[PDB]
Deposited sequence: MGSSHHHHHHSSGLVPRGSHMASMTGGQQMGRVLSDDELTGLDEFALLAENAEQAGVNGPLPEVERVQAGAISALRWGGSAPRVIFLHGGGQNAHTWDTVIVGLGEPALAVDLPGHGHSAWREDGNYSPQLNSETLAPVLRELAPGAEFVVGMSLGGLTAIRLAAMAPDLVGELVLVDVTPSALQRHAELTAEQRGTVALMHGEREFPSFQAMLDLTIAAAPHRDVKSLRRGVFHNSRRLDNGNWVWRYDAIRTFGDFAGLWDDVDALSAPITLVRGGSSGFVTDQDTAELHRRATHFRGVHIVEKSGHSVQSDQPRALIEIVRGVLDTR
């Protein structure tokens, strides 16, 4: 299997995963350097989606299809089709600084932001440095403290075959449907000329200053709602109460059963329902 394959070849699998029938939504990869994004059915968008570390904007495909709504899914810097830095800084503070121009242009009227991990926190930042852009906010299995805990704990390249990247991520999660895993890896890697394959994402040398972030939370007037992986230990009861404590309008936690950290990968049907309810109807 050789892959001169369009990045949207597998949309139908996404539609099936979402349990939605009917015609697929309009889509194009869009850019304002230094950023790439996929704009959806638009003539839009009502919602912005920010992915997590190691991921790219394709993790939201099934969620976005499942959801009726026009939207902007962004490749954070260091990720997918967005520029790397090699100062290694894809901190939420940096990420927001550069996205803010881009979201003014593309998706000027987006009511909502949905961020998982790295994207959730950069969305926090974006909400503080640009309240006009962030009407309401949705965090996917992340708290400023919860990611710092992760950063601390994990403070510590060319592949002969696509299959070898596949096996590697099979090892990460053997219990998962290969067809899905293959999809995610497809959108997350590319072939060189050598024949050899490589990850589209950069390795992260730096997360941000997590305390200014909390001052941003204190400062945020946008309502936050949190979504947790029922089987994810990433975010704790303590982390949650704290979020509630510091937050101006905390709308609560939805805890999704049988989902890990990446809720959009694990139980997108449920994430769809949660997000749907957040659009006030």
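Novice: What's missing from the model if you number the deposited sequence from 1?
Specialist: Unmodelled stretches: 1 to 37, 194 to 204, 330.
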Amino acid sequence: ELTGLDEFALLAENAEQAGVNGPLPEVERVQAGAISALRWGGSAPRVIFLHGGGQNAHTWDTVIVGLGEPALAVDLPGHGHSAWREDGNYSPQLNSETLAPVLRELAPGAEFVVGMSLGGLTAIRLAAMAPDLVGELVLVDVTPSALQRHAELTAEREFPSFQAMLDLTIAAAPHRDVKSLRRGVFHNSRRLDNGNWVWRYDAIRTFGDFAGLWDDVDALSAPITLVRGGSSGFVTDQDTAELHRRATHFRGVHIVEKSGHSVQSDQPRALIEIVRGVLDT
From here on, numbers count along this sequence of modelled residues.
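Novice: In the PDB record, does 93 to 101 or 114 to 122 carry the higher mean Cα temperature factor?
Specialist: The stretch with the larger mean CA B-factor is 93 to 101.
Novice: If you take the mean CA temperature factor per stretch, which one wins between 231 to 239 and 36 to 44?
Specialist: Of 231 to 239 and 36 to 44, the stretch with the higher C-alpha B-factor average is 36 to 44.
Novice: Which one of 177, 141, 152, 75 shows the biggest C-alpha B-factor in the PDB entry?
Specialist: That would be 152, according to the entry.
Novice: Considering only modelled residues of the same chain, in which third does the CA B-factor of residue 250 rank: lowest, middle or highest?
Specialist: CA B-factor rank for residue 250: middle third.
Novice: Pull the Cα B-factor of residue 67 out of the PDB entry and bin it into the chain's lowest, middle or highest third.
Specialist: Its C-alpha B-factor belongs to the lowest third of this chain's values.
Novice: Within this chain, which third does the Cα B-factor at residue 208 fall in: lowest, middle or highest?
Specialist: Highest third - that is where residue 208 ends up once the chain's C-alpha B-factors are sorted.
Novice: Among the modelled residues of its chain, does the C-alpha B-factor of residue 26 lie in the lowest, middle or highest third?
Specialist: Within its chain, residue 26 is a middle-third residue by C-alpha B-factor, going by the deposited values.
Novice: Taking the chain's C-alpha temperature factors as the reference, tell me which third residue 82 falls into: lowest, middle or highest.
Specialist: Answer is middle: the recorded C-alpha B-factor places it there.
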